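*Asks:* mmCIF, C-alpha atoms, file target-v2.cif:
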```cif
data_work
#
loop_
_atom_site.group_PDB
_atom_site.id
_atom_site.type_symbol
_atom_site.label_atom_id
_atom_site.label_comp_id
_atom_site.auth_asym_id
_atom_site.auth_seq_id
_atom_site.Cartn_x
_atom_site.Cartn_y
_atom_site.Cartn_z
ATOM 1 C CA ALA A 2 -16.306 30.365 -72.199
ATOM 2 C CA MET A 3 -15.811 32.976 -69.525
ATOM 3 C CA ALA A 4 -14.780 32.052 -65.896
ATOM 4 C CA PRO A 5 -11.406 30.285 -65.598
ATOM 5 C CA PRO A 6 -11.025 27.412 -63.116
ATOM 6 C CA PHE A 7 -10.505 28.248 -59.514
ATOM 7 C CA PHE A 8 -9.899 25.654 -56.763
ATOM 8 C CA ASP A 9 -12.114 26.890 -53.979
ATOM 9 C CA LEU A 10 -11.151 23.954 -51.753
ATOM 10 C CA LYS A 11 -7.540 22.788 -51.741
ATOM 11 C CA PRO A 12 -6.194 19.391 -50.700
ATOM 12 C CA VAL A 13 -4.536 18.850 -47.346
ATOM 13 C CA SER A 14 -1.023 17.435 -46.990
ATOM 14 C CA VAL A 15 -0.931 14.127 -45.105
ATOM 15 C CA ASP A 16 1.534 11.549 -43.706
ATOM 16 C CA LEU A 17 0.444 7.974 -44.239
ATOM 17 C CA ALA A 18 1.731 4.679 -42.909
ATOM 18 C CA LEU A 19 3.172 2.144 -45.438
ATOM 19 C CA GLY A 20 0.379 -0.235 -46.332
ATOM 20 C CA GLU A 21 -2.444 2.183 -45.589
ATOM 21 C CA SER A 22 -4.355 4.403 -47.992
ATOM 22 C CA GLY A 23 -5.648 7.962 -48.042
ATOM 23 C CA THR A 24 -7.362 10.507 -50.264
ATOM 24 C CA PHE A 25 -6.730 14.080 -51.489
ATOM 25 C CA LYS A 26 -9.809 16.117 -52.209
ATOM 26 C CA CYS A 27 -10.393 19.478 -53.802
ATOM 27 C CA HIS A 28 -13.203 21.448 -55.392
ATOM 28 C CA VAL A 29 -13.069 23.624 -58.461
ATOM 29 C CA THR A 30 -15.269 26.358 -59.909
ATOM 30 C CA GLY A 31 -15.400 27.958 -63.329
ATOM 31 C CA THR A 32 -17.010 27.572 -66.714
ATOM 32 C CA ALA A 33 -17.692 23.968 -67.646
ATOM 33 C CA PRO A 34 -16.315 21.718 -68.817
ATOM 34 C CA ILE A 35 -13.237 21.915 -66.603
ATOM 35 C CA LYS A 36 -10.631 19.252 -67.459
ATOM 36 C CA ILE A 37 -8.951 17.734 -64.393
ATOM 37 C CA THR A 38 -5.586 15.974 -64.385
ATOM 38 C CA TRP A 39 -3.350 14.924 -61.534
ATOM 39 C CA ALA A 40 0.448 14.694 -61.302
ATOM 40 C CA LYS A 41 2.817 13.155 -58.735
ATOM 41 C CA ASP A 42 6.162 14.944 -58.682
ATOM 42 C CA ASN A 43 5.071 16.385 -62.061
ATOM 43 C CA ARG A 44 4.416 12.966 -63.664
ATOM 44 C CA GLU A 45 0.883 12.603 -65.028
ATOM 45 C CA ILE A 46 -1.122 10.149 -62.987
ATOM 46 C CA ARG A 47 -2.710 7.416 -65.127
ATOM 47 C CA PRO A 48 -5.582 5.112 -64.073
ATOM 48 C CA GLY A 49 -5.088 1.418 -63.250
ATOM 49 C CA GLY A 50 -2.248 1.550 -60.724
ATOM 50 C CA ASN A 51 -2.000 2.500 -57.053
ATOM 51 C CA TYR A 52 -3.896 5.825 -57.648
ATOM 52 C CA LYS A 53 -7.658 6.052 -58.127
ATOM 53 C CA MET A 54 -9.171 9.303 -59.311
ATOM 54 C CA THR A 55 -12.746 10.461 -59.157
ATOM 55 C CA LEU A 56 -14.361 13.600 -60.451
ATOM 56 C CA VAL A 57 -17.918 14.151 -59.514
ATOM 57 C CA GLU A 58 -19.550 17.524 -60.128
ATOM 58 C CA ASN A 59 -16.390 19.558 -59.655
ATOM 59 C CA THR A 60 -15.117 17.563 -56.600
ATOM 60 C CA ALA A 61 -11.876 15.868 -57.613
ATOM 61 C CA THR A 62 -10.307 13.125 -55.522
ATOM 62 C CA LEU A 63 -7.154 11.069 -55.647
ATOM 63 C CA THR A 64 -6.824 7.933 -53.458
ATOM 64 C CA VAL A 65 -3.488 6.217 -52.949
ATOM 65 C CA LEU A 66 -4.715 2.646 -52.640
ATOM 66 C CA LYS A 67 -1.879 0.948 -50.799
ATOM 67 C CA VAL A 68 0.883 3.267 -49.672
ATOM 68 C CA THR A 69 4.449 2.293 -50.625
ATOM 69 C CA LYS A 70 7.641 4.306 -49.939
ATOM 70 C CA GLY A 71 7.598 5.281 -53.651
ATOM 71 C CA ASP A 72 4.408 7.219 -53.136
ATOM 72 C CA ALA A 73 5.946 10.044 -51.072
ATOM 73 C CA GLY A 74 6.015 13.337 -52.985
ATOM 74 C CA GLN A 75 3.890 16.276 -54.191
ATOM 75 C CA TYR A 76 0.430 15.573 -55.587
ATOM 76 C CA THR A 77 -0.953 18.318 -57.880
ATOM 77 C CA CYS A 78 -4.444 18.662 -59.264
ATOM 78 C CA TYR A 79 -4.582 20.662 -62.545
ATOM 79 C CA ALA A 80 -7.795 22.258 -63.824
ATOM 80 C CA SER A 81 -8.254 23.821 -67.285
ATOM 81 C CA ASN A 82 -11.079 25.174 -69.424
ATOM 82 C CA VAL A 83 -11.340 27.518 -72.382
ATOM 83 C CA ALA A 84 -10.853 30.534 -70.108
ATOM 84 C CA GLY A 85 -7.777 29.447 -68.159
ATOM 85 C CA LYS A 86 -6.150 27.170 -65.663
ATOM 86 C CA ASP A 87 -5.632 26.577 -61.970
ATOM 87 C CA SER A 88 -3.738 24.000 -59.940
ATOM 88 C CA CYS A 89 -3.359 23.018 -56.281
ATOM 89 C CA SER A 90 -0.936 20.729 -54.443
ATOM 90 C CA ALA A 91 -0.477 18.695 -51.292
ATOM 91 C CA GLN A 92 2.391 16.625 -49.972
ATOM 92 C CA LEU A 93 2.275 12.950 -49.090
ATOM 93 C CA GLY A 94 4.683 11.854 -46.373
ATOM 94 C CA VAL A 95 5.204 8.138 -45.895
ATOM 95 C CA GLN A 96 5.912 6.804 -42.358
ATOM 96 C CA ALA A 97 8.085 3.722 -42.015
ATOM 97 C CA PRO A 98 7.704 1.584 -38.820
ATOM 98 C CA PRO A 99 10.568 1.367 -36.239
ATOM 99 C CA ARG A 100 13.346 -1.079 -36.997
ATOM 100 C CA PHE A 101 16.211 -2.064 -34.768
ATOM 101 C CA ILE A 102 19.487 -1.069 -36.318
ATOM 102 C CA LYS A 103 21.261 -2.409 -33.219
ATOM 103 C CA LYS A 104 19.567 -5.084 -31.084
ATOM 104 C CA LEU A 105 20.160 -6.215 -27.474
ATOM 105 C CA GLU A 106 22.387 -9.257 -26.833
ATOM 106 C CA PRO A 107 20.500 -12.439 -25.734
ATOM 107 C CA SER A 108 21.626 -12.685 -22.089
ATOM 108 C CA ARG A 109 23.771 -11.414 -19.221
ATOM 109 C CA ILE A 110 24.841 -12.501 -15.747
ATOM 110 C CA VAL A 111 25.573 -9.636 -13.347
ATOM 111 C CA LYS A 112 26.577 -9.532 -9.662
ATOM 112 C CA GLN A 113 24.225 -8.209 -6.968
ATOM 113 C CA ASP A 114 24.860 -4.459 -6.276
ATOM 114 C CA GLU A 115 26.425 -3.868 -9.720
ATOM 115 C CA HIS A 116 25.133 -1.660 -12.528
ATOM 116 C CA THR A 117 24.436 -2.692 -16.111
ATOM 117 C CA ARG A 118 23.699 -0.682 -19.226
ATOM 118 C CA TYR A 119 21.521 -1.673 -22.192
ATOM 119 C CA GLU A 120 21.814 0.117 -25.529
ATOM 120 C CA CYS A 121 19.658 -0.124 -28.695
ATOM 121 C CA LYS A 122 19.735 1.742 -31.990
ATOM 122 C CA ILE A 123 16.411 2.341 -33.694
ATOM 123 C CA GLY A 124 15.445 3.747 -37.134
ATOM 124 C CA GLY A 125 12.112 4.599 -38.771
ATOM 125 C CA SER A 126 9.958 7.703 -39.116
ATOM 126 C CA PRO A 127 9.626 10.147 -36.161
ATOM 127 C CA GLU A 128 8.348 10.449 -33.601
ATOM 128 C CA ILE A 129 9.424 7.073 -32.319
ATOM 129 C CA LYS A 130 8.444 6.453 -28.749
ATOM 130 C CA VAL A 131 10.603 4.008 -26.710
ATOM 131 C CA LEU A 132 9.457 2.076 -23.592
ATOM 132 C CA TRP A 133 11.287 -0.618 -21.653
ATOM 133 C CA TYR A 134 9.561 -3.584 -19.993
ATOM 134 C CA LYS A 135 10.626 -6.051 -17.308
ATOM 135 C CA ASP A 136 8.813 -9.370 -17.605
ATOM 136 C CA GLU A 137 6.082 -7.494 -19.508
ATOM 137 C CA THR A 138 5.717 -4.640 -16.879
ATOM 138 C CA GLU A 139 6.703 -1.102 -18.070
ATOM 139 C CA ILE A 140 9.886 0.068 -16.359
ATOM 140 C CA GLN A 141 9.364 3.493 -14.654
ATOM 141 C CA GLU A 142 12.085 6.160 -14.761
ATOM 142 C CA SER A 143 13.927 6.441 -11.398
ATOM 143 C CA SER A 144 17.340 6.712 -9.699
ATOM 144 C CA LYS A 145 17.594 2.917 -10.199
ATOM 145 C CA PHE A 146 16.313 2.688 -13.806
ATOM 146 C CA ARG A 147 17.632 5.525 -15.938
ATOM 147 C CA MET A 148 16.313 5.722 -19.494
ATOM 148 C CA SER A 149 16.931 7.956 -22.451
ATOM 149 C CA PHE A 150 16.335 8.045 -26.177
ATOM 150 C CA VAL A 151 18.612 10.550 -27.951
ATOM 151 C CA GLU A 152 19.690 10.670 -31.601
ATOM 152 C CA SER A 153 18.202 7.175 -32.289
ATOM 153 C CA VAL A 154 19.941 5.573 -29.262
ATOM 154 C CA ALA A 155 17.756 3.955 -26.598
ATOM 155 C CA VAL A 156 19.502 3.359 -23.283
ATOM 156 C CA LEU A 157 18.455 1.688 -20.038
ATOM 157 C CA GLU A 158 21.016 1.923 -17.248
ATOM 158 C CA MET A 159 20.178 -0.017 -14.082
ATOM 159 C CA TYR A 160 21.862 0.318 -10.705
ATOM 160 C CA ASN A 161 21.979 -1.529 -7.411
ATOM 161 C CA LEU A 162 20.923 -4.708 -9.135
ATOM 162 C CA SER A 163 19.250 -7.339 -6.963
ATOM 163 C CA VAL A 164 17.928 -10.922 -7.418
ATOM 164 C CA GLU A 165 14.311 -9.737 -8.058
ATOM 165 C CA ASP A 166 15.777 -7.826 -11.113
ATOM 166 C CA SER A 167 16.499 -11.062 -12.958
ATOM 167 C CA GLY A 168 14.142 -11.578 -15.857
ATOM 168 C CA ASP A 169 13.312 -10.548 -19.412
ATOM 169 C CA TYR A 170 13.989 -6.953 -20.449
ATOM 170 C CA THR A 171 12.350 -5.654 -23.650
ATOM 171 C CA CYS A 172 12.970 -2.444 -25.515
ATOM 172 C CA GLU A 173 9.895 -1.661 -27.657
ATOM 173 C CA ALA A 174 9.745 1.187 -30.190
ATOM 174 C CA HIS A 175 6.596 2.463 -31.886
ATOM 175 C CA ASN A 176 5.443 5.228 -34.223
ATOM 176 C CA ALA A 177 2.471 5.951 -36.537
ATOM 177 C CA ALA A 178 3.412 3.019 -38.784
ATOM 178 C CA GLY A 179 3.937 0.174 -36.332
ATOM 179 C CA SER A 180 6.276 -1.135 -33.658
ATOM 180 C CA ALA A 181 9.387 -3.197 -33.122
ATOM 181 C CA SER A 182 10.961 -4.846 -30.078
ATOM 182 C CA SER A 183 14.257 -6.281 -28.907
ATOM 183 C CA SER A 184 14.528 -8.435 -25.705
ATOM 184 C CA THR A 185 17.214 -9.830 -23.455
ATOM 185 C CA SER A 186 17.534 -12.125 -20.450
ATOM 186 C CA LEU A 187 19.198 -10.881 -17.281
ATOM 187 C CA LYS A 188 20.303 -12.991 -14.342
ATOM 188 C CA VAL A 189 21.336 -11.290 -11.116
ATOM 189 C CA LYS A 190 23.399 -13.444 -8.667
ATOM 190 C CA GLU A 191 24.658 -12.710 -5.133
ATOM 191 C CA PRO A 192 28.253 -13.641 -4.341
ATOM 192 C CA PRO A 193 28.990 -16.034 -1.448
ATOM 193 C CA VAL A 194 29.365 -14.319 1.921
ATOM 194 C CA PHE A 195 30.135 -15.960 5.286
ATOM 195 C CA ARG A 196 28.932 -13.121 7.474
ATOM 196 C CA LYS A 197 29.300 -14.746 10.930
ATOM 197 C CA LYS A 198 32.683 -15.897 12.242
ATOM 198 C CA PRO A 199 32.132 -19.199 14.168
ATOM 199 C CA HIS A 200 33.170 -19.210 17.853
ATOM 200 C CA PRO A 201 36.086 -21.586 18.485
ATOM 201 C CA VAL A 202 34.996 -25.171 19.217
ATOM 202 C CA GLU A 203 36.467 -27.028 22.202
ATOM 203 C CA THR A 204 36.854 -30.787 22.149
ATOM 204 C CA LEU A 205 38.534 -33.677 23.953
ATOM 205 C CA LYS A 206 40.940 -36.218 22.481
ATOM 206 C CA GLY A 207 39.125 -39.157 20.912
ATOM 207 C CA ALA A 208 35.905 -37.165 20.582
ATOM 208 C CA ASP A 209 34.189 -35.876 17.423
ATOM 209 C CA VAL A 210 33.691 -32.163 16.849
ATOM 210 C CA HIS A 211 31.464 -30.146 14.533
ATOM 211 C CA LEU A 212 32.438 -26.834 12.917
ATOM 212 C CA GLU A 213 29.986 -24.908 10.720
ATOM 213 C CA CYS A 214 29.807 -21.758 8.644
ATOM 214 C CA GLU A 215 26.552 -19.960 7.738
ATOM 215 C CA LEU A 216 26.552 -18.959 4.089
ATOM 216 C CA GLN A 217 24.607 -16.380 2.019
ATOM 217 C CA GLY A 218 24.460 -15.796 -1.740
ATOM 218 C CA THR A 219 23.113 -17.483 -4.854
ATOM 219 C CA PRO A 220 23.623 -21.268 -4.816
ATOM 220 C CA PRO A 221 24.897 -23.720 -5.914
ATOM 221 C CA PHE A 222 28.359 -23.199 -4.448
ATOM 222 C CA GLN A 223 31.657 -25.024 -4.912
ATOM 223 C CA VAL A 224 32.957 -25.561 -1.382
ATOM 224 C CA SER A 225 36.352 -26.705 -0.080
ATOM 225 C CA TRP A 226 37.753 -27.108 3.456
ATOM 226 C CA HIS A 227 41.435 -26.661 4.319
ATOM 227 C CA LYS A 228 43.831 -26.678 7.210
ATOM 228 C CA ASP A 229 47.624 -26.261 7.162
ATOM 229 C CA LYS A 230 47.611 -25.814 3.352
ATOM 230 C CA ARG A 231 45.932 -29.229 2.820
ATOM 231 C CA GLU A 232 42.429 -29.654 1.358
ATOM 232 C CA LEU A 233 40.299 -31.779 3.720
ATOM 233 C CA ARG A 234 37.978 -34.321 2.120
ATOM 234 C CA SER A 235 35.120 -36.571 3.135
ATOM 235 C CA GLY A 236 36.163 -40.001 4.280
ATOM 236 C CA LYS A 237 36.957 -41.823 7.471
ATOM 237 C CA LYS A 238 38.428 -38.692 9.229
ATOM 238 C CA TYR A 239 36.128 -35.878 8.026
ATOM 239 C CA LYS A 240 32.426 -35.814 7.168
ATOM 240 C CA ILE A 241 31.725 -32.638 5.152
ATOM 241 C CA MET A 242 28.194 -31.309 4.557
ATOM 242 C CA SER A 243 27.613 -28.576 1.991
ATOM 243 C CA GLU A 244 24.068 -27.310 1.892
ATOM 244 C CA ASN A 245 22.868 -24.152 0.116
ATOM 245 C CA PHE A 246 23.278 -21.961 3.225
ATOM 246 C CA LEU A 247 25.387 -23.957 5.649
ATOM 247 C CA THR A 248 28.762 -25.662 5.173
ATOM 248 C CA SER A 249 30.147 -27.903 7.949
ATOM 249 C CA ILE A 250 33.014 -30.261 8.741
ATOM 250 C CA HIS A 251 32.695 -33.053 11.327
ATOM 251 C CA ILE A 252 36.132 -34.143 12.510
ATOM 252 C CA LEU A 253 36.225 -37.668 13.926
ATOM 253 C CA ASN A 254 38.555 -39.149 16.503
ATOM 254 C CA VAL A 255 40.264 -35.896 17.506
ATOM 255 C CA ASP A 256 44.020 -35.911 18.021
ATOM 256 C CA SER A 257 46.602 -33.149 18.590
ATOM 257 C CA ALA A 258 46.932 -32.619 14.845
ATOM 258 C CA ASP A 259 43.265 -31.562 14.533
ATOM 259 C CA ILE A 260 43.639 -28.560 16.833
ATOM 260 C CA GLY A 261 44.032 -25.218 15.030
ATOM 261 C CA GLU A 262 42.502 -23.110 12.265
ATOM 262 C CA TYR A 263 40.199 -24.452 9.476
ATOM 263 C CA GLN A 264 39.231 -22.467 6.336
ATOM 264 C CA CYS A 265 36.093 -23.040 4.316
ATOM 265 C CA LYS A 266 36.119 -21.474 0.877
ATOM 266 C CA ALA A 267 32.900 -21.064 -1.124
ATOM 267 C CA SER A 268 32.509 -19.832 -4.660
ATOM 268 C CA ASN A 269 29.984 -19.300 -7.387
ATOM 269 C CA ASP A 270 29.985 -17.475 -10.782
ATOM 270 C CA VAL A 271 30.072 -14.037 -9.259
ATOM 271 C CA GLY A 272 32.521 -14.370 -6.353
ATOM 272 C CA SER A 273 34.071 -16.301 -3.481
ATOM 273 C CA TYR A 274 34.496 -15.960 0.247
ATOM 274 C CA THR A 275 36.441 -17.749 2.944
ATOM 275 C CA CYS A 276 35.199 -18.638 6.453
ATOM 276 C CA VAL A 277 37.774 -19.173 9.259
ATOM 277 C CA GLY A 278 36.940 -21.307 12.333
ATOM 278 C CA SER A 279 39.072 -22.988 14.962
ATOM 279 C CA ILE A 280 39.143 -26.151 17.024
ATOM 280 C CA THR A 281 40.730 -26.052 20.532
ATOM 281 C CA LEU A 282 41.538 -28.870 22.965
ATOM 282 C CA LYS A 283 40.695 -29.499 26.603
ATOM 283 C CA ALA A 284 43.303 -31.487 28.596
#
```
Could you take the file, read its structure, and then write that structure out as structure tokens?
*Replies:*
Amino acid sequence: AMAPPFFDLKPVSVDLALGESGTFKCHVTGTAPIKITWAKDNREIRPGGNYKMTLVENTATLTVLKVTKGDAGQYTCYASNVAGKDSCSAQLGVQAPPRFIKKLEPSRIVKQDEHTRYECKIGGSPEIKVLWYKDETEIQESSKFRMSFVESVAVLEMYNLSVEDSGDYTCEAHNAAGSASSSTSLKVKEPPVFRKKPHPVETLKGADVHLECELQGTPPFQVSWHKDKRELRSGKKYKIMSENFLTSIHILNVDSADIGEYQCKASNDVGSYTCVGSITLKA
């Protein structure tokens, strides 16, 4: 007997990802033999489980073979011989991967020029890094795409939405332990607008006359023509064409009753608009 144990190298605290493994290592000096035991949160560590101990020539190791949440805590190496005792300790932290407490809804339809706000709630071990993606491209922070991640809440607010903004939006979180994602589908549609007011169209009695309105927005549209509170329909008097960007009425066999104002109304999911044109008579 004569020199008590002394750990001249102490183990280093570590954080490990669930599923992984790692090793504590220390070195002891003193009169041999020095008995070495380990404890986790004070409980003696026994061979044959998730912990594998080695002691070779005064280097003691403990390997956590497959990290589970249960493994977090203080690991202590005890040394003892006839002269005395030492011990040394390190902490194991266990990192859990991100998990979406609150996911994005599957889809949305929004009108051109509007804003929309996406919100996710994410848990897991810090630091969690959040990035948003549009059709697999990373969204960059800007006046149009405002992002934040505060107190577990990931937010993308988007402004001035346009048709090229339609697509798949993904919020992806990652940390030391893995990653998680939540996606959504956005559709941006333009409302119908008739931006040009048609000049009046002059006709003669017995003639046919064509009236048209140029249309913008996201098709398809529901289109109706009216005059004097009556909806006008295709037949023997009117031939109505509704194309994606041009609506027209062809009025056959003009008589006095055809002269006046005509309204074309167009609508889709995100709005409607009304075009006004007139037919006038000569003689």
*Asks:* Carefully work through the PyMOL selection byres ((chain A and resi 116) around 10) for this structure and note down the residues it includes, as a ChimeraX atom specification.
*Replies:* /A:111-115,117-118,145-146,158-163
*Asks:* For the residues in that selection, give me C-alpha atoms as a PDB file, in the frame of the given file.
*Replies:*
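And here's result.pdb as it stands now:
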```
ATOM      1  CA  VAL A 111      25.573  -9.636 -13.347  1.00  0.00           C
ATOM      2  CA  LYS A 112      26.577  -9.532  -9.662  1.00  0.00           C
ATOM      3  CA  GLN A 113      24.225  -8.209  -6.968  1.00  0.00           C
ATOM      4  CA  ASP A 114      24.860  -4.459  -6.276  1.00  0.00           C
ATOM      5  CA  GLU A 115      26.425  -3.868  -9.720  1.00  0.00           C
ATOM      6  CA  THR A 117      24.436  -2.692 -16.111  1.00  0.00           C
ATOM      7  CA  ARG A 118      23.699  -0.682 -19.226  1.00  0.00           C
ATOM      8  CA  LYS A 145      17.594   2.917 -10.199  1.00  0.00           C
ATOM      9  CA  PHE A 146      16.313   2.688 -13.806  1.00  0.00           C
ATOM     10  CA  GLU A 158      21.016   1.923 -17.248  1.00  0.00           C
ATOM     11  CA  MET A 159      20.178  -0.017 -14.082  1.00  0.00           C
ATOM     12  CA  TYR A 160      21.862   0.318 -10.705  1.00  0.00           C
ATOM     13  CA  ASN A 161      21.979  -1.529  -7.411  1.00  0.00           C
ATOM     14  CA  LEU A 162      20.923  -4.708  -9.135  1.00  0.00           C
ATOM     15  CA  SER A 163      19.250  -7.339  -6.963  1.00  0.00           C
TER      16      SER A 163
END
```
*Asks:* Residue by residue, what does the PyMOL selection byres ((chain A and resi 152-156) around 7) grab here? Present the result as a ChimeraX atom specification.
*Replies:* /A:119-124,148-151,157-158
*Asks:* For the file shown, report as a list in words the outcome of the PyMOL selection byres ((chain A and resi 272) around 9) at residue level.
*Replies:*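 The output of the PyMOL selection byres ((chain A and resi 272) around 9) on this file is residues 112, 191, 192, 193, 194, 267, 268, 269, 270, 271, 273 and 274 of chain A.
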*Asks:* May I have the selected residues written with C-alpha atoms, as a CSV table (one decimal), in the frame of the given file?
*Replies:*
```csv
chain,number,residue,atom,x,y,z
A,112,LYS,CA,26.6,-9.5,-9.7
A,191,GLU,CA,24.7,-12.7,-5.1
A,192,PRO,CA,28.3,-13.6,-4.3
A,193,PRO,CA,29.0,-16.0,-1.4
A,194,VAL,CA,29.4,-14.3,1.9
A,267,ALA,CA,32.9,-21.1,-1.1
A,268,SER,CA,32.5,-19.8,-4.7
A,269,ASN,CA,30.0,-19.3,-7.4
A,270,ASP,CA,30.0,-17.5,-10.8
A,271,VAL,CA,30.1,-14.0,-9.3
A,273,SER,CA,34.1,-16.3,-3.5
A,274,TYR,CA,34.5,-16.0,0.2
```
*Asks:* Find the residues around residue 108 (chain A) up to 8 Å (only C-alpha atoms counted), leave out those fewer than 6 positions away in its own chain, and share them as a ChimeraX atom specification.
*Replies:* /A:185-188
*Asks:* Find, counting all atoms listed in the file, the residue in A:65, A:54, A:205, A:10 that gets nearest to residue 256 (chain A).
*Replies:* A:205
*Asks:* Padding 6 Å on each side, edges along x, y and z: where is the centre of the box around the listed atoms of region 7-20 of chain A, and how long are its edges in Å to one decimal? Output it as AutoDock Vina command-line options.
*Replies:*
```
--center_x -4.5 --center_y 14.0 --center_z -51.2 --size_x 27.3 --size_y 40.5 --size_z 28.6
```
*Asks:* Between CA of residue 20 (chain A) and CA of residue 79 (chain A), what distance in Å does the model show, to one decimal?
*Replies:* 26.9 Å
*Asks:* Write out as an MDAnalysis selection string which residues come within 6 Å of residue 80 (chain A) when counting all atoms listed in the file, dropping same-chain ones fewer than 3 positions away.
*Replies:* chainID A and resid 36:37 86:88
*Asks:* Quick one: of A:3, A:102, A:172, A:97, who's nearest to residue 83 (chain A), counting only C-alpha atoms?
*Replies:*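 Result for the nearest residue to residue 83 (chain A): A:3.
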*Asks:* Quick one: of A:52, A:93, A:27, A:63, who's nearest to residue 9 (chain A), counting all atoms listed in the file?
*Replies:*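 Of the candidates, the smallest distance to residue 9 (chain A) is held by A:27.
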